[PDB]
Structures are given as C-alpha cells and as structure tokens.
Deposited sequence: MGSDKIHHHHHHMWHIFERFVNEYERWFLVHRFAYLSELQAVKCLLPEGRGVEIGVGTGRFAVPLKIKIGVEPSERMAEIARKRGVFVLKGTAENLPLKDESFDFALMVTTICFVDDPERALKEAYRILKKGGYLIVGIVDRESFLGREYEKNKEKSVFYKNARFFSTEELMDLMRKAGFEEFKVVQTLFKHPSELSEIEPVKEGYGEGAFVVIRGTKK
C-alpha cells in the first residue's frame, strides 16, 4: 500500500506546502479553474491541503493521522481507500483527486469507484504532475531517491485514456507550473491544454 508512506512522513509532506507555497497556490488555482458547483468529495483528501481552500466539505482518506489533521481544519473525513469508497451510488456532483491516483493500489478500480459515486452529469477532476514534463522527468528519474519510489507516474493522455475507459467523456484540461517550484516568487499562470506545464488538471464528465 503505497499510501502508507504518507502516514509515515506526514510532517515532511506538510513541509512541502510551506517551502513551495507559490507552486501550491498555482496548483490550487489550476484545480479551481475546472471545479464545478454542487456537492464534491475529495478522494485522498490527505491533510486537507486542497479541500479546505476549495471548500470541499467531504473527504475520504485511509491514513488516520492525516485524516485527523484534515478534521481539525474543518473537513468531514470518512476512512477509506480510493478502491472502496464508503459512499453511496450517485450521491456527489463532483469528485476531486489531486496527486492521489499516483499512489492508489489500482488506478482503474479507483476511477470506476469515482464513476459509481457520481450523479449523471457529474464530474471527476484529477490533478497530476505530467510524467512527460521537465518536472515529471526529474521526479521519475530520481524516484529511487520518499514519496515516489513506489509512485506510478502518468502522462496526461495515459490518464485520459484510463478515465475514458472508466466511462468519462467531454474532457477539459488545464496546465500550470512552467517554472520549477523551487524558483517561484509568484503564482504561475493557468493555461488551457497540456504539454507545457508540469501540473495538469483534467475534468471528465459522467454523461
């Protein structure tokens, strides 16, 4: 269970957000571009770093240590994994996964579960570092060197294919992080598409 790593290095995980604040805000902003109205759930809500600023009230998380931090920050968190969502069929308008699908045990199953819990017309928003980006190449090359040794890296197109095979359609993509996170002194802009920025956000529709 790759997710165990986040229990084990929770303080290191949180540090990232303080050390790389502008990259974090860039990512939030990219997610915020494709976030719809209605009732959302964050799958793999971690310590609430996305749910809290995005005003997502419900989250699912397997790590008790992480869940407790999210709970203190105001998120209502159900214990569970992406592959077995403790949620009813067609009960959400959207679902969000930010740097979660890379650490699930079964990405295909996790996308099927997301499909299940969404209402007709609902949306799945997935954020990833694109394997095929300057930054993706670096993380992958240096994976054997905490979070990524057992991570699975996705290209944007690989992730879309999987989402399409889980039942999603009418994809919309945005991108950000054109500079390295260690050299940001301001928020990075968001643009449509993919191929240029390291962080990509993809929305699919359950029609």
property	result
Sequence ranges without modelled C-alpha atoms (deposited numbering)	1 to 11, 157
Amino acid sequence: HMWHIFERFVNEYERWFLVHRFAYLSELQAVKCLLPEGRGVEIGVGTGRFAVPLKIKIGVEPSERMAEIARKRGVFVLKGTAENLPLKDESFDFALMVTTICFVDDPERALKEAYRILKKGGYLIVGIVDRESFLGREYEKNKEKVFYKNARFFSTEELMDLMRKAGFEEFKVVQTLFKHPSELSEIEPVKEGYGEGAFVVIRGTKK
From here on, numbers count along this sequence of modelled residues.
query	finding
Within-chain third of residue 181 by Cα B-factor, per the entry	highest
Ranked against its chain, the third holding the CA B-factor of residue 161	lowest
Residue 31 CA temperature factor, ranked by third within the chain	lowest
Chain third (lowest, middle, highest) by recorded CA B-factor, residue given as residue 115	middle
Chain thirds of CA B-factor: placement of residue 134	highest
